[PDB]
């Protein structure tokens, strides 16, 4: 319960932990503290470890499902800050594949018709002509290949944009959206809806576009077209995403240990930020619920202030705080408009757990649904299968990342392992954005809290950070699963969770029962070179960082890079990828690929081949 600190960090998200960690390590500022709003660290990183009772055997005592309510995946290219963080933190031996497809057998459900990725391919993509009244010119082409055709049109309209990096990372995309024009106007002045239309595409075609992709905010929200293509063309050809074995929460979990649980104060809401004139310290007025559930209002002084906060928290602090008025109005207006520049993008994940996976060939008569998104123009948006932690399955996925062409024997081993996973506990995730949020988030307040009566027959221990879905959600989830997997058989989940990442301004819903917005993306007209400059140090010795106003939004790496900019401006710390390269003479990506290649080889030799 400190009273003064050299450096006050607000938010135990990734932005605030990474800050604490870089200051303690590389600048030896051992007079800091993180004040966190809720009763938990990690922010929009919430992973779930649920353990089931083995009902079919006895050799495994319990089995364990790893489910993600927030972040799930990362990549070895384009995220050199995150790979550096992983490596310096020694989390690299826990990285496993996050496969994204089932060789064509993932489901698609559109305009009342359920079918597969291989199916939609048939007959020169003919089915899309049947579900949508497309122009002749939009017939006979993979829908998702239209996104590449538009991208290539933009490039051919912008000869001055000669940037063609092997990896199209944040820098590239910032340059793309601020320097590239359509019809004389930079892409940050356009939406995809207006762009595609202007280009001559039919509205049937556009609707087909923002349905197949699962997320529609790229077309129907206020985000601009240039940042839209950062999120689309983040999926090149053979993308091999990765995750952590025990869930993404291992990252902030490990950052907690290295920072010290005694330097982090949960359930402490910083309420206003004043600046003391004579003393020269920032004064941060807080509100802290003790271990006995009773409120204290108090104050903490600071020489330097680090807000690892998303847009809506910042605005709440702007409105409430006393320093806004202690400021030039034109400047204060600038700040506000600066805060209005990245759109809030609500997301939700709903997780349904089963005693075993019913979407396999054995129980549907259709080609097994394995991994990756099952896309539908229902309110589900995307649906992702998640399976129980199994070291042998992880190793088979590692063999298949370089699938190449296995021998007949490996193909048999692979079929066996893929089959085994359907007999262990598993779970499905509904994951959607923008237009579908309202469907699920009010349906969540309809009905009772869902409780499988035989839930103790199945699960040994459920954690506390699990807020179940309503009976209404489980009914409609089940009705949409029947449609998507084209099956009569969808049993009741043994266990459910709901998470609506949509910011609120309403008092007295339980503080840890509601959560900030999912992600943020640069709005129309925002110039983010300018806004990031302003937000790194909007006030002397007050800094801001996080995913919200980053150049890699929607991803931890954005929070990382954005915090690197506040540490550079404030404490002269070189970017983390860059400090790593100069001490090792190998980029964090080349190192992580080397180390993972070794680990994967060790697992492939122990469970699959040689």
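Numbering follows the first chain given and starts at 1.
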Taking the deposited Cα B-factors and averaging over 549-557 and over 60-68, the higher mean is found in 60-68
Which of the two stretches, 214-222 or 234-242, shows the higher mean Cα temperature factor in the record?
234-242
Residue of maximum C-alpha B factor among 268, 478, 470, 363, per deposited coordinates:
268
Just the C-alpha B-factor column, please: which of 279, 344, 429, 442 has the biggest number?
279
Split the chain's modelled residues into thirds by Cα B-factor; residue 184 lands in the middle
Ordered by C-alpha B-factor within the chain, which third holds residue 563? Give me lowest, middle or highest, please.
middle
Of the three thirds of the chain ranked by Cα temperature factor, residue 98 occupies the lowest
Would you check the entry's CA temperature factor for residue 455 and let me know if it's in the chain's lowest, middle or highest third?
highest
Which third of the chain does residue 377 land in by C-alpha B-factor: lowest, middle or highest?
lowest
